[PDB]
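Asks: Have a look at this one before I ask anything.
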Amino acid sequence: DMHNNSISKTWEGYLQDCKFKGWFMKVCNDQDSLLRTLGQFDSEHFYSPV
RNA sequence: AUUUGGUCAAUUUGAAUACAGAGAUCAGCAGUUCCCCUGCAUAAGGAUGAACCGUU
């Protein structure tokens with residue numbers, strides 16, 4: 001039962017160079033790890049911690 | 001009171017032969033245009049489905 005769960009569109013933009021080689025879904029144990037993963041495409045800035 | 005409205009053409013001629021003059025009728029199908037339905041393609045544009053975790 002997940003009434004708490006929800007989704008929000010954070011961004012809806014245009015990128016100069018698309019460094020994402022494919023669609024590499026993942027899970028990480030921590031936030032730092034996630035950030036690092038994101039920055040594998042030289043783009044940590046996508047994640048919005050709230 | 002009379003009379004014109006009355007010349008067959010065609011051919012053989014240097015009047016004779018001709019004798020009215022030479023496809024019909026019934027029925028398909030396709031095309032042309034517009035419309036409607038149906039299946040497919042092409043573009044575009046939606047809508048939606050599908051277990052479960054992925055990739056340095």
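Just so we're on the same page: first chain in the structure tokens is A, next is B, and so on; residues restart at 1 for each chain, and ligands are numbered from 1 in the order they show up.
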List as a list in words the protein and nucleic acid residues near residue A:40, meaning an atom at most 12 Å away when only C-alpha atoms (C1' of nucleotides) are counted, but skip any in the same chain fewer than 4 places from it.

Replies: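 That gives residues 19, 20, 21, 24, 33, 34, 35, 36, 44 and 45 of chain A; 56 of chain B.
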
Asks: Keeping N, CA and C atoms (P, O5', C5', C4', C3', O3' and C1' of nucleotides) for every residue in the selection just given, could you write it to a file as a PDB file, in the first residue's frame?

Replies:
ATOM      1  N   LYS A  19      25.010  12.970 -23.372  1.00  0.00           N
ATOM      2  CA  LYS A  19      26.083  12.046 -23.011  1.00  0.00           C
ATOM      3  C   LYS A  19      25.581  10.680 -22.542  1.00  0.00           C
ATOM      4  N   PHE A  20      24.262  10.496 -22.477  1.00  0.00           N
ATOM      5  CA  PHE A  20      23.664   9.248 -22.008  1.00  0.00           C
ATOM      6  C   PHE A  20      23.724   8.252 -23.164  1.00  0.00           C
ATOM      7  N   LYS A  21      24.566   7.227 -23.038  1.00  0.00           N
ATOM      8  CA  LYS A  21      24.777   6.261 -24.131  1.00  0.00           C
ATOM      9  C   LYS A  21      23.573   5.346 -24.385  1.00  0.00           C
ATOM     10  N   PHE A  24      20.301   3.305 -18.809  1.00  0.00           N
ATOM     11  CA  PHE A  24      20.973   2.484 -17.811  1.00  0.00           C
ATOM     12  C   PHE A  24      20.312   2.615 -16.444  1.00  0.00           C
ATOM     13  N   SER A  33      26.436   8.077  -3.835  1.00  0.00           N
ATOM     14  CA  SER A  33      26.672   7.094  -4.897  1.00  0.00           C
ATOM     15  C   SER A  33      25.880   7.466  -6.144  1.00  0.00           C
ATOM     16  N   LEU A  34      24.617   7.798  -5.911  1.00  0.00           N
ATOM     17  CA  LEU A  34      23.685   8.192  -6.976  1.00  0.00           C
ATOM     18  C   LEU A  34      24.236   9.397  -7.732  1.00  0.00           C
ATOM     19  N   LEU A  35      24.687  10.370  -6.951  1.00  0.00           N
ATOM     20  CA  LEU A  35      25.252  11.614  -7.481  1.00  0.00           C
ATOM     21  C   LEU A  35      26.445  11.307  -8.382  1.00  0.00           C
ATOM     22  N   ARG A  36      27.302  10.433  -7.874  1.00  0.00           N
ATOM     23  CA  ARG A  36      28.513  10.001  -8.583  1.00  0.00           C
ATOM     24  C   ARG A  36      28.142   9.386  -9.927  1.00  0.00           C
ATOM     25  N   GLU A  44      25.779  15.939 -12.656  1.00  0.00           N
ATOM     26  CA  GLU A  44      25.194  15.685 -11.333  1.00  0.00           C
ATOM     27  C   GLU A  44      23.973  16.575 -11.103  1.00  0.00           C
ATOM     28  N   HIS A  45      23.985  17.750 -11.737  1.00  0.00           N
ATOM     29  CA  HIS A  45      22.989  18.807 -11.512  1.00  0.00           C
ATOM     30  C   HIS A  45      21.522  18.444 -11.716  1.00  0.00           C
TER      31      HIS A  45
ATOM     32  P     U B  56      26.616   1.758 -15.879  1.00  0.00           P
ATOM     33  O5'   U B  56      28.092   1.992 -15.327  1.00  0.00           O
ATOM     34  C5'   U B  56      28.656   1.130 -14.316  1.00  0.00           C
ATOM     35  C4'   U B  56      29.760   0.274 -14.894  1.00  0.00           C
ATOM     36  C3'   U B  56      31.004   1.012 -15.363  1.00  0.00           C
ATOM     37  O3'   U B  56      31.865   1.316 -14.270  1.00  0.00           O
ATOM     38  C1'   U B  56      30.426  -0.763 -16.868  1.00  0.00           C
TER      39        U B  56
END

Asks: Tell me as a PyMOL selection string which residues belonging to chain A come within 10 Å of chain B, counting only C-alpha atoms (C1' of nucleotides).

Replies: chain A and resi 22-27

Asks: Could you give me, as a VMD selection string, the residues within 10 Å of stretch 18-26 of chain B, counting only C-alpha atoms (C1' of nucleotides) and dropping anything in the same chain fewer than 2 positions from it?

Replies: chain B and resid 8 to 12 16

Asks: Would you pick out the contacts of residue A:18 at 12 Å or less, using only C-alpha atoms (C1' of nucleotides), so that residues sharing its chain but fewer than 6 positions from it are not included, and give the list as a list in words?

Replies: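 Non-adjacent residues within range: residues 41, 42 and 43 of chain A.
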
Asks: Neighbouring residues of residue A:10 were defined as those with any atom within 9 Å, considering only C-alpha atoms (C1' of nucleotides); residues of the same chain fewer than 6 positions away were excluded. Please report them as a PDB file with N, CA and C atoms, in the first residue's frame.

Replies:
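And here's result.pdb as it stands now:
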ATOM      1  N   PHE A  46      21.239  17.338 -12.403  1.00  0.00           N
ATOM      2  CA  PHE A  46      19.853  16.908 -12.607  1.00  0.00           C
ATOM      3  C   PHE A  46      19.069  16.622 -11.317  1.00  0.00           C
ATOM      4  N   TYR A  47      19.702  15.959 -10.352  1.00  0.00           N
ATOM      5  CA  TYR A  47      19.011  15.582  -9.118  1.00  0.00           C
ATOM      6  C   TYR A  47      18.675  16.816  -8.284  1.00  0.00           C
ATOM      7  N   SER A  48      17.447  16.854  -7.771  1.00  0.00           N
ATOM      8  CA  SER A  48      16.980  17.938  -6.910  1.00  0.00           C
ATOM      9  C   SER A  48      16.609  17.365  -5.541  1.00  0.00           C
TER      10      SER A  48
END

Asks: Would you return as a ChimeraX atom specification the members of chain A that DSSP assigns to alpha helix (DSSP H) on this structure's backbone?

Replies: /A:31-38
